[PDB]
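So the structure is just underneath, and the comments pick up after that.
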RNA sequence: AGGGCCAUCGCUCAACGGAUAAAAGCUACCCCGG
RNA sequence: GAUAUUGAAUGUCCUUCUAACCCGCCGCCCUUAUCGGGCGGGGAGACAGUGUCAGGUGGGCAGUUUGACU
RNA sequence: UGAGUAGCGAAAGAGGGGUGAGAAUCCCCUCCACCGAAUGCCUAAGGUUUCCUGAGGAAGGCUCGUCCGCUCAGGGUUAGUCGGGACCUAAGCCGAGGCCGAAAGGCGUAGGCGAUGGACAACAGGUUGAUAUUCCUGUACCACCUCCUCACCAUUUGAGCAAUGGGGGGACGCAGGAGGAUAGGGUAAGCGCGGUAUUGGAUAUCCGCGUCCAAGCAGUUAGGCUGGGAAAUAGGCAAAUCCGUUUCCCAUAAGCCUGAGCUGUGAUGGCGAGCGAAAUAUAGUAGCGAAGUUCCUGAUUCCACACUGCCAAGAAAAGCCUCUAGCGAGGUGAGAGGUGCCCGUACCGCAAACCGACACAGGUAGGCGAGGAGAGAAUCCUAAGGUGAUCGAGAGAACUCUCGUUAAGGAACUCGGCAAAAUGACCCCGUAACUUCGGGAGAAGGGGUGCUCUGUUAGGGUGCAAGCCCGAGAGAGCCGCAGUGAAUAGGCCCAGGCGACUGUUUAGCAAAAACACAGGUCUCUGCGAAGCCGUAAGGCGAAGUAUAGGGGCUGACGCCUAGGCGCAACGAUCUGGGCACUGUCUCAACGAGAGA
RNA sequence: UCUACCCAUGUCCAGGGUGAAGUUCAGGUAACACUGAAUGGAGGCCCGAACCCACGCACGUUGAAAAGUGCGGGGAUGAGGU
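Protein chains in written order, with this note's numbering: chain A, 3 to 269; chain B, 16 to 59.
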């Protein structure tokens, strides 16, 4: 679960942290890693474009499959590791054939259990198959929009969507955060809800702990010099550059994804 | 206490050099000027 | 077509001898002169 | 909103296929290549993007100004 | 003109000889003083001849000069192994085709370039006025070649070589405490000297010394492996006897790769206290040379990011080892003989050679960094080594600045105890209201500490022993005005107000009460996301996907709801009050140093 | 080439103190909670050198210095310095 530090200081009073209960190993897989260097929120012209980023701890990219083309091969689970880039915590799968790979880890997985990925695979807890085979009214995650691309949506820690309607070639889904939608036919989907869901129960505790993650300080607009902000010196909300952002929808007036949205969150 | 000049040769040749004046359009103009005036030391 | 010459109409240009088709405040962070 | 890029049949601008056009989707060769394009497949399609042209929103961005007397 | 005025840039010298036209200032000697986690040695950036010798006395040295980092003539820098290139790559930069753009130009694929990192073969002595892992004397190691000599395999059913391709490996964080060693540092054998004229010492007396390489044979603390063996293999584009995966037999010992160090050999060698010539172009050099062991202590270095723990999850590529594809008629393995290019190399690098206009009280990455007392790289005095800091003489007035001591009173001074005094070191006794239960707390307040003897105490470490080393706590005694006897080291206590806290910011202008912060809350965003930079291509957002991103307002925690309460903790915070203390003052007086 | 932020790769921080999570034996209860021991070694923790600031006072202001010196003061394993 979570563990709550004892207040033997001032900067370690409210601080809590995950207990890493489910981690089964402290080493990565040497043959599946790739380099990854920080950017600082700097464009390809060196000009700072996004603020509040830069500086942290050095990380490394861990290879993770998101297409699962290897169908008809029963493979099993070996370890469950930590991933600095994601929020969930990934799992290393070895096939009965010989090729190793990484996948997102659903909720409650146990080392040993095999995983299927074909069209004839039977719905379980860790399998992946095309949507035109999943029953109606099931929990699912790792969805994709164009058949042949790889999961992009619902890939967070604790999240889960719901598949409840199957019209002609347009099995319609309910993403997290409402917004029921009608995604395409042959795209694949993983059955189950993702793991490490306590991730929303963490006090960062102290100012310097965000800097380990890479989040620089923010200067408030109420304290500014006249000639940057309409708050500086010493109506409608505005922006460092000008944006009435208190109830102006920023989505395009007209778009291309309009024929496929049925109901929106709208709070 | 610390002054605005601390010498270095690499950072000099790499900025005010000849192969960096000649790798532009304006640097070539600088060279043509300094040859027009009559200077002795064209580029750093 | 338009133009001229002869009667004649349009303004609180009210700062009324009339700088215009039309013009607000802050700055012992401020900048330059008698 | 107007216009030109801009295809075809019922309906009176209703259904309709796609060969225009679009794909930050899949495969193969140039090729030892996450660029680019050539051929196949899937998805969408008379849309969308675009040039001109007719308004509003426009301290987003500029140029300026606001008598004399004491 | 001011004016022969202000200044002459932190600091210990004194005397005797010498050269010289000339000496406080140059050379030699003798005492004395200063640094010693540096003011010692060695090597970067930078400088560019400043380095060594022989002359010099125009100019520069805040004085002088016979001297010089100054002037004039000569001279000096040696590499197969050290650093860089005929090796590799990160951030970034360039970029054939290619995509954009009135033009000029912008972006970018293959491919390159780029150390601050990875790979990689040599050590100990000697020597010149000036170079030394480079020269010379000893012993070595690496890559490549075959006029040569041995040995063993080979005939296309094949011995050998072997990728530009596939695997393994290189390969990586922060903290903590063990262990094993060694660099270093101190007693007992031993060796050469010595006999002291100021009272005493053949003494258990005094002075100085002492070792040693890479390489090649041997064995080794430890370490990891989480055990190796067989068979079968839809994956590693093709291939595989290699790797990966699975099931069968034994395994707790066989094997595996690692290793700090230590014992022979290098060494019939070379260093070594100290003796001592010629004369030599007037040396402590040539030359000769004793002992050269055990014991105690010991790392901030090595085994080694090895082990344990933790989360913020800790570079790439090549050299290297294997696998087949593929080449093949001559090869493999020893010896013997050969080959080994370019750039840097003197000298200053905490300084008068570098950056500050100056011979400027400033600044300048890293490696070693000894002894006594000590917890220590603090503090005081010293070792190896270095230094005398570039104007002097004498007089001891007012006044300014930096120091020392003070009668009786002690904040009575002043906007304000600003400034200065008092405390501070270990060991024991003891320690409150409050509290967010951790704190507050070194709270406040009390007492002891020197030397000798019983005492090589009790006890503990090392060693078979002898012998070295660390040591409570107690008794009896001696001294002083005074025993952490010098230097370096918290002043405390009440009552309130502000901000939760650590942090950042007005350094060629003021700090908090300003900014940020963990947490709360609102709002936009279904992924070619929204939002940003660009004319656009191209990008950040993100190799992320609503527990995730962008934009606002407020600021922990706990109660009481968008109001209000609680100070506990923490401030170079704010405002009042109390003890100790003092030349701040009544009220000034002597003394020291610099200037005058 | 000074200064602000960022990217890659290195390097530095004498000594001493407090003593969290956890673990092993105890009471300890239904085991727990909870109270005791031993072991352990966390922290934008404490005192303090090197290093980094430039807060106070004095001296300097035709300064040794176009911003320094003397004596104090803050941080000092980190949101750290280079």
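Built from N, CA and C at the ideal position, the CB exists for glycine as well.
| query | result |
| --- | --- |
| In angstroms with no decimal places, state the Cα-to-Cα distance between residue 21/A and residue 61/A. | 21 Å |
| In this structure, what does DSSP give as the bridge partners for residue 20/A? | 4/A |
| Measuring alpha carbon to alpha carbon, tell me which residue in 207/A, 263/A, 222/A, 237/A is nearest residue 10/A. | 207/A |
| Could you tell me the alpha carbon to alpha carbon distance between residue 38/A and residue 50/B, rounded to whole angstroms? | 48 Å |
| Residues bridged to residue 108/A by DSSP? | 196/A |
| Are residue 115/A and residue 79/A close, meaning C-beta to C-beta below 7 Å? | yes |
| Assuming residue 194/A and residue 141/A are in contact, meaning their beta carbons sit under 8 Å apart, how far apart are those beta carbons, in whole angstroms? | 6 Å |
| So which of 107/A, 149/A, 73/A, 228/A has the shortest CA-CA distance to residue 81/A? | 107/A |
| Compare the beta carbon distance of residue 227/A and residue 234/A with 7 Å and say whether it is the shorter of the two. | yes |
| Can you name the start and end residues of the beta strand (DSSP E) that residue 80/A belongs to? | 77 to 82 |
| Just how far apart, CA to CA, sit residue 44/B and residue 232/A? | 45 Å |
| Report all residues from its chain with a CB closer than 7 Å to the CB of residue 151/A; omit the five preceding and five following residues, and keep chain order. | none |
| Excluding five sequence neighbours on each side, which residues of the same chain lie with their C-beta closer than 6 Å to the C-beta of residue 130/A? | 70, 119, 190, 192 |
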